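Only one chain is shown below, in structure tokens, and it's the form deposited in one PDB entry.
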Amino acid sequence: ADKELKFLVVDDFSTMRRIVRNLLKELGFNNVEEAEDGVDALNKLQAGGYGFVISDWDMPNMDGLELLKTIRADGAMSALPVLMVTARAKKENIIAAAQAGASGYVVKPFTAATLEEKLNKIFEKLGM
């Protein structure tokens, strides 16, 4: 049943969505959907059933910081985990995402090992 947790993987670079979804599959999570920007992601989220978001930052139409802030401000999903996975590596970028409620932060390019470590840190708090 834990492995039924529903992920939304958001990035305008489809190669990154593949990498993240495939790591999830190796960890036993197959209930995974994708979105290419924050608008498409928010539309999927508002439809219900999600339990974890993994999101890029720079994307057209709505970026990942805007998405994160929207999620955190929406009482229907305000505690949804949101893992930032972004090429933006400056301390001030990390601080901004953190202050906005990010559950974790991974810099691209990444190893699957790093990504797993960050996911586990959050799972640990989900009691998984």
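All residue numbers refer to positions in the sequence shown, first residue = 1.
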query: Given 43-51 and 79-87, the range whose Cα B-factors average higher in the PDB entry; finding: 43-51
query: Of 30-38 and 63-71, the one with larger mean CA B-factor; finding: 30-38
query: Ranked against its chain, the third holding the CA B-factor of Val107; finding: lowest
query: Chain-wide C-alpha B factor ranking for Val9, given as lowest, middle or highest third; finding: middle
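FYI, the form deposited with a partner chain bound isn't displayed, but the following is about it.
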item: Heavy atom of each of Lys25, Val32 and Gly51 within 4.5 Å of its partner chain in the deposited bound form; value: no
item: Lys121, heavy atom within 4.5 angstroms of its partner chain in the deposited bound form; value: yes
item: Close approach of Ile94 to its partner chain in the deposited bound form, 4.5 Å, heavy atom; value: yes
item: 4.5 Å heavy atom contact, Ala98 to its partner chain in the deposited bound form; value: yes
item: Heavy atom of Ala79 within 4.5 Å of its partner chain in the deposited bound form; value: no
